[PDB]
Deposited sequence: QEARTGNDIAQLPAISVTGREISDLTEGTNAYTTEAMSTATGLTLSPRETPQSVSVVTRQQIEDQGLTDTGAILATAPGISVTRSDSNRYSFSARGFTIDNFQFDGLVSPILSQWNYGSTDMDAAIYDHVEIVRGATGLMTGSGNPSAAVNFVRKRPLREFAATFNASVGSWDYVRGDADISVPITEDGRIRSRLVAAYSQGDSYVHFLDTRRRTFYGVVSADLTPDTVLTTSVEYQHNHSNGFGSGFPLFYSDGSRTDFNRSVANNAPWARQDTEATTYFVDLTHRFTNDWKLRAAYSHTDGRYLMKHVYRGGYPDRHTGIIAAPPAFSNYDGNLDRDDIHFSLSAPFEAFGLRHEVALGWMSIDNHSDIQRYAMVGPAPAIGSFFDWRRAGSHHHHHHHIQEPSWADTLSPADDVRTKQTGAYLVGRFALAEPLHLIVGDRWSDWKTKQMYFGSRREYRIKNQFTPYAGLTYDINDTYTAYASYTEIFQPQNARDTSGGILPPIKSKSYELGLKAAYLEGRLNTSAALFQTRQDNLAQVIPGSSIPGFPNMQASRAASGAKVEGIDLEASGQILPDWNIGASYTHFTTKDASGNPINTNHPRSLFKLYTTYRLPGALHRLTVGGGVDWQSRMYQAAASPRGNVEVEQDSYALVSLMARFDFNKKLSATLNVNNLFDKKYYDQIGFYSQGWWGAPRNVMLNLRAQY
């Protein structure tokens, strides 16, 4: 049904996600490779921030490019965007400001969509969309606390409290706070407070503030990151079930780095806006739905470097808008067609010492076509086509801006939802190509116009491979999340190209509550096995949980690559 909510289900799968199309669909009804990392998965595996949550997800690897730990990757490409409650924030280089380090306590789950995701994303790489969905207030009082200890003097505590503001819960609040310390010493403080008010039985106003401070030290380094996000959304359902949603976010970010002699001072400001109108309806005896929407992503970061890469000052301003229409149409009872259009505008204004990178791209069209066929109670087959574009700083022989890189993604597949959707499964074949990749024109330039060197649009890399997943409950007391991905990268004319990214990945994590006299004990563990086809890395891990009673448990995690974490959970 509805509810992307995974807290309290004890499940490794979900009923519903909305990241791929904006529409709230079950996994089996989404004609793309999609995953969840549920509340339960996060707690079983002791995942403490957004980066650690993403690292465990199907099809994701941490790729190293030049030293180690550099990027998150999927399908041959860097993940250059994150979403929080569906609002995109760029994350590479000066855009991060803690996005990959946000405390996990804030989030109910993360929704993943692999391949091109331009419909809802805008500009980006055909790797994955990654959407962290924040906890929302409950209608009644609830409290959860965690206290952890671990290797290298690691300590962590968090608190999660829902307080109704009126008795009925018409006005409701929720507060999350976390702290951690460790080592190379680092510490993290996080606060998140949210209030929702039913202005009518059909109108919800939500407001929230999110805050994180990350400090690290140890030539003595010293690095501080601080970020505050103000968020607001308004929802209204008309008596015809048409729905209006308006969302706004504003983020202030502060970065500060010392060395030995070297000083880095960065500021970030970011505004995100999203409006939508959706509408369910019947036509030709069948049920359909349509959504129209508009989003804006406006990013400003500035950096000053002082020393007594090399630039003394950068100011980068990137503004993007997209207008979309999405429909899901039943051509028959078992057979759905998803069609989307997005028109996007994108511009950048970048200032450096001695220069100025400034350009806009012509209005971009991004299509989406997905087809799903319910074979029986269990199985659904699907095929999809979609795109994502990536602006590039490359110019004509005339001096004009090149079209953006255009990623073109084809996928077919088979899904199964066993035991009423308790166990979800997926097997997909994917093919992506990049067209209009800037190619530096021989040794000929055209920098009488400005600067140095010109390009033409050429064909780029091709990726093809397979994407397999199984997540949910095999038997009562037995949870699993398992996935396998393999892909091949080639150039436009068809010979292999080397990449840093792993081409084969296998992941499995399983828990099992013991059957009888041992029923207070759950044991589990897993493997994260990536391979560049050359070498191999395997994270092997183990856990045990003891349920003292219904409201109090201890969890032990061991990870290898030892690393040992012990957690107590207490709830009201």
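For this session: Could you please spell out the deposited residue ranges that have no C-alpha entry in the coordinates?
Result: Comparing the full sequence with the modelled residues, the uncovered ranges come out as 1-20, 204-208, 244-268, 311-328, 377-409, 635-648, 677-696.
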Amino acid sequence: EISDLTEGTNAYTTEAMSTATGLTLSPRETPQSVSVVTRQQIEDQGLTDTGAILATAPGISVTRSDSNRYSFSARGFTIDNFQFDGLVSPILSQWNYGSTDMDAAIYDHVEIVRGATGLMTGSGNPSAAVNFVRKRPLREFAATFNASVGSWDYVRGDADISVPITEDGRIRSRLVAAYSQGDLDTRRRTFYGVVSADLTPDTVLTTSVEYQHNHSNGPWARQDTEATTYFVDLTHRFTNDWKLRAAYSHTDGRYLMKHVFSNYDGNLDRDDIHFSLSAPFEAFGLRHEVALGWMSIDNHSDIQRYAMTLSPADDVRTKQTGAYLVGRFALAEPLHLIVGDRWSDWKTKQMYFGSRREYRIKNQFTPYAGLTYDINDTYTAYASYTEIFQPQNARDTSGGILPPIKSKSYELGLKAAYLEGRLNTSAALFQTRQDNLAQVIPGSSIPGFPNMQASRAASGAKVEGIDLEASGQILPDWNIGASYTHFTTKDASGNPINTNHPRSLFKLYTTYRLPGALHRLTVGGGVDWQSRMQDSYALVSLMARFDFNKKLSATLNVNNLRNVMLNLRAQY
From here on, numbers count along this sequence of modelled residues.
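Problem set entry | Mean C-alpha temperature factor, higher of 273-281 and 119-127 | Comparing 273-281 with 119-127, the higher mean C-alpha B-factor belongs to 273-281.
Exercise. 534-542 versus 38-46: which one carries the higher mean Cα B factor per the record?
Worked result: Taking the mean C-alpha B-factor of 38-46 and of 534-542, the larger value falls to 534-542.
Problem set entry | Given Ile79, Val463, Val113, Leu310, the residue at which the Cα B factor reaches its maximum | Highest C-alpha B-factor among the listed residues goes to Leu310.
For this session: Have a look at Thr425, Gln431, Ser151, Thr366 and flag the one whose Cα has the highest B-factor in the entry.
Result: Checking the PDB record, the top C-alpha B-factor among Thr425, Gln431, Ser151, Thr366 is at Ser151.
Exercise. What third of its chain's C-alpha B-factors does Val523 belong to: lowest, middle or highest?
Worked result: Within its chain, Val523 is a middle-third residue by C-alpha B-factor, going by the deposited values.
Exercise. Can you tell me which third, lowest, middle or highest, the CA B-factor of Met351 falls into for its chain?
Worked result: According to the entry, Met351 has a C-alpha B-factor in the chain's middle third.
Exercise. Compared with the other modelled residues in the chain, in which third is the CA B-factor of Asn563?
Worked result: Highest third of the chain for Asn563's C-alpha B-factor.
For this session: Please rank the C-alpha B-factors of the chain's modelled residues and tell me whether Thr30 sits in the lowest, middle or highest third.
Result: According to the entry, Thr30 has a C-alpha B-factor in the chain's lowest third.
Exercise. What third of the chain, by the recorded C-alpha B-factor, contains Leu505?
Worked result: For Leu505, whose C-alpha B-factor we compare with every modelled residue in the chain, the answer is the middle third.
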